[PDB]
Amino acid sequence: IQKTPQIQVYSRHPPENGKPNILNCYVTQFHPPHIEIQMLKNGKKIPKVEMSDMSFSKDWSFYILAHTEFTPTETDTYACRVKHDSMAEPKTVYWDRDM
């Protein structure tokens, strides 16, 4: 049995177009632990992405917190794509300053 990852994209601090920040991609509730996580900026993959270390919670499920620096703007669109066995095709979820 497997378990479909719950993805969440959000900034560390309140987004303020122009001001720096951190964009987190929180993938959770998945299993097995093997998982691929890319963070995107306008469709292109962001290079130096911090990936937390394998962890799991009481319900035996793993979770990773990938993150990276970024400066929100009206123009730029950010997203996170997650590859994993419990899914046939990748999942991409886009950032949303209000969420």
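If you superpose the two forms and keep the largest set of C-alpha atoms that fall within 1.5 Å, you have the rigid core. Residue numbers run from 1 along the displayed sequence.
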property: More shifted region, core-based fit in 7 other deposited structures of this protein, 46 to 54 vs 61 to 69 by CA; result: 46 to 54
property: 68 to 76 set against 51 to 59, stretch whose average Cα temperature factor tops the other in the entry; result: 68 to 76
property: Stretch with the greater mean C-alpha B-factor as recorded in the entry, comparing 11 to 19 against 86 to 94; result: 11 to 19
property: Modelled-residue ranking by C-alpha temperature factor, third containing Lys44; result: middle
